[PDB]
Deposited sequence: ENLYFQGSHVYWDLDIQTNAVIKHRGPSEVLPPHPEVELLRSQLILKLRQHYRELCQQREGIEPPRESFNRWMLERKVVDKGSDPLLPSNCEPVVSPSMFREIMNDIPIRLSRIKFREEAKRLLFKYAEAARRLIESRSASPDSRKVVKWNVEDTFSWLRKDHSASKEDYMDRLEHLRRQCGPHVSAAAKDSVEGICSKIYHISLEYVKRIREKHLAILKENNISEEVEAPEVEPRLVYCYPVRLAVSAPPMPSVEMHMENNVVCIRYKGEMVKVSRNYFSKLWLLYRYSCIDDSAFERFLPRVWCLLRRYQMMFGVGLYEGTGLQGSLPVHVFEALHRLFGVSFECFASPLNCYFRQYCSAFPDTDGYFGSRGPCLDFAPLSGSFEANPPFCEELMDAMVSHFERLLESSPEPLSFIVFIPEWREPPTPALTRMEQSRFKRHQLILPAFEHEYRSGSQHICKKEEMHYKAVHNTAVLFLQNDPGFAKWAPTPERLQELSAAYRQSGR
């Protein structure tokens, strides 16, 4: 009963070797990270977030929906053909469907939960006033104007007369009025919201070039060229390896590091990133297991600074440790399709950034990773466009491979009407079993687990979680969801 230090718990098993198999692929075209480039990349995101909250206020009088910007970057990266690993650069369509609908949901007014009878009367009144105002101001068909005008006016006549209404009466009147005016207000504000989604995209596209022009200037300063070395590959099937970068890495600037109360602090030009001690030791193991261009491991500290700085600009949680042990012991799981160097359980995984995370075991973005065999676990971030692309990606891999392939996907029943991605997997021909983790009866690890305290690690899931076993025929023959296996799996959730 004597820990090495306070918080010296292990939340990973970096000894599990991979069973993921891929065709040997060439290096990624993304440039190796550099602290001077990430410093410019971080301050351009902070400007981009400020542009986003100025456009929503100046053009709609509303603040941006919470996490709508972060969700926007996930959606953009599903279709982005650009070369920046964080900001979108070449997307189709320009207007993001994710950012568009999240803004529309708070138009003409962001509805808030009401805790009193007069609060409901206020929200109903404020909505009616905002809906009528938005139609008169923005160009619309005289028909659409008249429908909103009268339907709003009817709500006002009822508010003056019927003073005996209750908290429930005001709520039902709002939903009806929201149903009637909803479609008409959307067409009037469509051009305005599309402008917000388009302006933010074009500003980011401009920021990407400002990042590349400084990144190329640093490479040319160190006499490094952006050319191919030897794309001649002997085509073969191999076990998965960390994503490699084509361009050689230049020598990194010096960074200063100190530890205070088992918390590691790394500094570069006044900017400091923090990480707890055991996760700092974890990154050291991942760096030794994965990095092959740093012979003396001399770029470790500056590359860790870039890693932590990248996930700071990025601003769910992980499965419990005892659950990952069960997935590996019962279903041979050895790979996380959605993870990061800070939350990964295995030393092989897919992450959002191949330039900063490849040095720590990442295989790059999941949609660019095409395994032909292996047992996988999938806990993707809540983003419908990414989730939908995921099951399409998984189904293609299960279709076109005679080797054992398995995907155990954890998706919450968060939304009152389920995401199409969850429904698509429920009807998949590779679905071998569907399991439901009851709400308030299973846990997750913190999303800030890399620096949060041990008392703040685990939290109860307030929603159900759907666990789906997507396996081809040979994968089902090897890692079948047998009753005895499903028995021990649910035993780890207790």
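Visitor: Quick one: where does the model skip the deposited sequence?
Guide: Residues lacking C-alpha coordinates: 316 to 325, 505 to 508.
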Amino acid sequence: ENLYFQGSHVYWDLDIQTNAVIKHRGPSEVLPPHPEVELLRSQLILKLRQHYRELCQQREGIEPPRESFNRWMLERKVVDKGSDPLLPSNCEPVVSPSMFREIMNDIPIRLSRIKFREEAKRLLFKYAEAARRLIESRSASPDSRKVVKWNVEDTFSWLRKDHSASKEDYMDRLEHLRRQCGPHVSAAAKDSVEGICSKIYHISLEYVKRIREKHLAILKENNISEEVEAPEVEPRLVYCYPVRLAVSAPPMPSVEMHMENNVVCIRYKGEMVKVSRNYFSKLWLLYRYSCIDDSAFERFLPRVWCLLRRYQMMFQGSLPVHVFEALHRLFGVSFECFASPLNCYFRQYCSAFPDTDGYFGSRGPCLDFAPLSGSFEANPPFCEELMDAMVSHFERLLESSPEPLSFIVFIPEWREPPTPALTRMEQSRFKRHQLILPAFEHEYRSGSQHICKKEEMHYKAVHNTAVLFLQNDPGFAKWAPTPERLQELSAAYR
From here on, numbers count along this sequence of modelled residues.
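Visitor: Mean CA temperature factor from the deposited coordinates, higher in 399 to 407 or in 155 to 163?
Guide: According to the PDB entry, the answer is 155 to 163.
Visitor: With reference to the PDB entry, specify whether the mean Cα temperature factor is higher for 390 to 398 or for 116 to 124.
Guide: Mean B over CA atoms: larger for 116 to 124.
Visitor: Between 418, 85, 374, 365, which one tops the list for C-alpha B-factor in the PDB entry?
Guide: It is 418.
Visitor: Highest Cα B-factor in the PDB entry belongs to which of 332, 381, 270, 354?
Guide: Among 332, 381, 270, 354, the highest C-alpha B-factor in the entry belongs to 270.
Visitor: For the chain shown, is the CA B-factor of residue 281 in the lowest, middle or highest third of its modelled residues?
Guide: It falls in the bottom third of the chain.
Visitor: Which third, lowest, middle or highest, does the CA B-factor of residue 171 fall in along this chain?
Guide: As the PDB entry reports it, the C-alpha B-factor of residue 171 lands in the highest third of its chain.
Visitor: Splitting the chain's C-alpha B-factors into thirds, which one does residue 102 fall into?
Guide: Answer is middle: the recorded C-alpha B-factor places it there.
Visitor: Would you mind checking where the Cα B-factor of residue 299 ranks among the modelled residues of its chain, as the lowest, middle or highest third?
Guide: Tercile = middle for this residue's CA B-factor.
Visitor: Based on the entry's values, in what third of the chain does the Cα temperature factor of residue 448 lie: lowest, middle or highest?
Guide: Highest third of the chain for residue 448's C-alpha B-factor.
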